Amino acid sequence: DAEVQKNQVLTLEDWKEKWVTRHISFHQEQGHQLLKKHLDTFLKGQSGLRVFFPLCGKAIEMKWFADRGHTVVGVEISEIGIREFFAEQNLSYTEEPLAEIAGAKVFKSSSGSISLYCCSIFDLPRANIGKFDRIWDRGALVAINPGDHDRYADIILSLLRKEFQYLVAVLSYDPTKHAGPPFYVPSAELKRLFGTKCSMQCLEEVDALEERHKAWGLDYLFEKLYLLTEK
């Protein structure tokens, strides 16, 4: 089952086109769901955290963290999605080109609490963005092409400070029922990618089977939230 979607891809241009065409869906209404349920364990009572959001889209959580005094950085290939974030969140921003990455740009809120890099996550190393106390990964790992898991994991690990908390959600479903994204990422895969370098705790497993998965054609859907910290 783990290899069923192994050769399935969406390309960077495919993702940009989903945004252009409005063929992208955001079923996230109050933010996420198990978002706030575990925010306290994630923050571990600290202030002024530097928090990275891979494949951030226009995630409202980025504004929640910024509102609370944390420094937020996101990466998102779609310029359209990034601009929608600032619009939806009613925030002004600047645009600057990225020297190290052809055609790339960074969009930053006017007082700097949110910086959204418009480029591929795989190009981020060249942008010299430093490291992070926290990484928030909802939808990102499960959006990555299965073939690119190791490349993604390596980048994630390279962006972590020595002490960190990395919150990552994965989805369990029958991979023969649905060609991703989101892709099927079993616990075994999360372990393969991060277990050498991170301690792993399952915080919660919930039954996520609902409405729109009627045309997805799924008999079951579980989402598991994991908290990864230094070994």
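Each residue number is its position in the shown sequence, starting from 1.
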item: Mean Cα B-factor comparison, 27-35 or 59-67, giving the higher one as deposited; value: 27-35
item: Stretch with the greater mean C-alpha B-factor as recorded in the entry, comparing 142-150 against 96-104; value: 96-104
item: Residue selected from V206, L49, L193, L167 by maximal Cα B factor; value: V206
item: Chain-relative CA temperature factor third for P175; value: highest
item: Lowest, middle or highest third - CA B-factor, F42; value: highest
item: Ranked against its chain, the third holding the CA B-factor of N128; value: highest
item: Record-listed C-alpha B factor of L12: chain third; value: lowest
